Amino acid sequence: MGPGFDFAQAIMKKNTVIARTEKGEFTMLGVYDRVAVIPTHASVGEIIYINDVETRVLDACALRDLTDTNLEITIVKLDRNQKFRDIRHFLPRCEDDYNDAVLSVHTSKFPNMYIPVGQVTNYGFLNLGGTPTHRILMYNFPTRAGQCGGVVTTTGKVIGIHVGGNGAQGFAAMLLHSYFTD
């Protein structure tokens with residue numbers, strides 16, 4: 001409808017796949033080459049389904065901060081025959097608050113879904129499903145089961161991936177440029 005949804009759509013159409021693990025279907029953001037991200041609660045193994053095709057996982061790393069606290073981001077390298085468009089220049093360098101964000105989801109259940117979630121707070125610490133978690137972004141939208149792995153954007157920036165909610169608020173793990181240096 002506007003430049004927010006325009007930027008979100010541009011990311012969804014070229015930089016997302018549908019990932020299936022034994023824990024369900026997730027929106028999965030491709031970042032560069034064969035490297036993507038997914039919530040750590042997806043429990044990625046040696047094999048994953050990418051758009052319903054059996055795919056070997058070449059590497060997977062559940063990120064933690066230097067306090068050894070969960071970040072809820074898993075970086076996955078896929079044995080795929082095709083690279084993602086490199087979107088690392090759209091990643092923030094620092095932890096921040098944002099205005100006017102969009103959460104975008106693409107699964108079998110929720111194809112072509114875009115949610116204007118509004119103001120995003122640098123919330124920080126969250127007890128997420130019983131697990132102490134750092135670098136959490138919060139937005140005041142009643143997000144539901146099916147939205148995990150959803151991409152949070154502003155005009156010009158890819159800022160996080162949706163990892164949970166409490167029925168009134170939704171929570172995203174930050175994406176930082178420093179996670180994807182090579």
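Numbers run from 1 along the shown chain.
Recorded method for this deposit: X-ray crystallography, 1.4 Å.
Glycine too: its Cβ is placed from the backbone N, Cα and C atoms.
Database features, via Swiss-Prot:
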- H41: active site, for protease 3C activity (ACT_SITE)
- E72: active site, for protease 3C activity (ACT_SITE)
- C148: active site, for protease 3C activity (ACT_SITE)
- 2-180: domain 'Peptidase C3' (DOMAIN)
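Feature map: Swiss-Prot annotations on the structure.
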| residue | record | CB count, 10 Å |
| --- | --- | --- |
| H41 | active site, for protease 3C activity | 20 |
| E72 | active site, for protease 3C activity | 27 |
| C148 | active site, for protease 3C activity | 25 |
Measuring Cα to Cα, how many Å separate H41 (active site, for protease 3C activity) from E72 (active site, for protease 3C activity)?
7
